[PDB]
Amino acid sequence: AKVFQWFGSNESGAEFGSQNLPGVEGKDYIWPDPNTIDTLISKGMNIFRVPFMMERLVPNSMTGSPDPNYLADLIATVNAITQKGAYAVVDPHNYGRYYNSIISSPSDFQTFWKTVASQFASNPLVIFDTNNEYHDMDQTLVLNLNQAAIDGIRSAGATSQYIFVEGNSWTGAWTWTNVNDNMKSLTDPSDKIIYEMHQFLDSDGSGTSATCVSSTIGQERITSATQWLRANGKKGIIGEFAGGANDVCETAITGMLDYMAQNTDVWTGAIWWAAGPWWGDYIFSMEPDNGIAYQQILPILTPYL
């Protein structure tokens, strides 16, 4: 019996080596492995978030044509997930920036999103994620970019799919009410907006240390976001979270997920950061069969699957 609408993992790799554009597949970046996705599906996960770079999918200008090879691999990855019945989140992992400059044109972003959504418009198990972790940019612009993405997606006939919107401050849950209130005004004719927040458990919330602040830091960092979602009649998802393979972090993870489980009127679930084939000894690797989080964290997550 699953606790949440969605529970699963990021499948990182296609966004690796971001300093090399276009970069070379198999050298700078790699796409997820469908066989290990299948293992995670067998463990009960039902959502896989797939980062990719906007510049690799649609080079030079975001209003242009896709790159055939990178698009073909995005398609193959999405279909490998959705053919099994799980959800695939299409994540342009771009921080609100394109060639390292803030995306200041909502109309250009809308065209990019019509291009992408057109490739997936018939697939109800695709979820479109407007952009990973907007940060250090104008707050009204972030609202307008999310709205332009929705408008482009729905304009392509992709009307069955959920859209994950992301806020400023690296879409952090703990910082949400301090900066992202204006995000409440987003509109969607399909009524399928989910507010995607990210939450890490180290001191600065960057998700770079295996050490968690305390055994309660996760549940603490999502309380005001939970109240904001409820007050505004919205639904949310934790689209990235992690903690180290240690007792304090394991307790923080369980406490945060147990809190979300008693607040499913607003929380639709959670997605671990991260699996993928090029993580090696990464402190948060969910990649079967030998990632540290796969071995040591997944056993504490099975109660939610």
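In this text, residue numbers run from 1 along the sequence as written.
Trainee: Taking only the CA atoms, which stretch has the higher mean B-factor in the record, 133-141 or 80-88?
Mentor: The entry gives the higher C-alpha B-factor average to 80-88.
Trainee: Mean C-alpha B factor from the entry: is it higher for 190-198 or for 71-79?
Mentor: The entry gives the higher C-alpha B-factor average to 71-79.
Trainee: Going by the deposited entry, which of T159, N180, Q147, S206 has the highest CA temperature factor?
Mentor: Max CA B-factor in the entry, restricted to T159, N180, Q147, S206: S206.
Trainee: If you check the C-alpha B-factor for each of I222, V126, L229, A210 in the entry, which is highest?
Mentor: Among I222, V126, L229, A210, the PDB entry lists the largest C-alpha B-factor for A210.
Trainee: Compared with the other modelled residues in the chain, in which third is the CA B-factor of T254?
Mentor: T254: CA B-factor falls in the middle third of its chain.
Trainee: Where does the C-alpha B-factor of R49 rank in its chain, lowest, middle or highest third?
Mentor: For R49, whose C-alpha B-factor we compare with every modelled residue in the chain, the answer is the lowest third.
Trainee: By the record's CA B-factor, is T115 among the lowest, middle or highest third of residues in the chain?
Mentor: Middle third, going by the recorded CA B-factors of the chain.
Trainee: Could you tell me which third, lowest, middle or highest, the C-alpha B-factor of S42 occupies within its chain?
Mentor: Highest third.
Trainee: By the recorded C-alpha temperature factor, relative to the other modelled residues in its chain, which third is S214 in?
Mentor: It falls in the top third of the chain.
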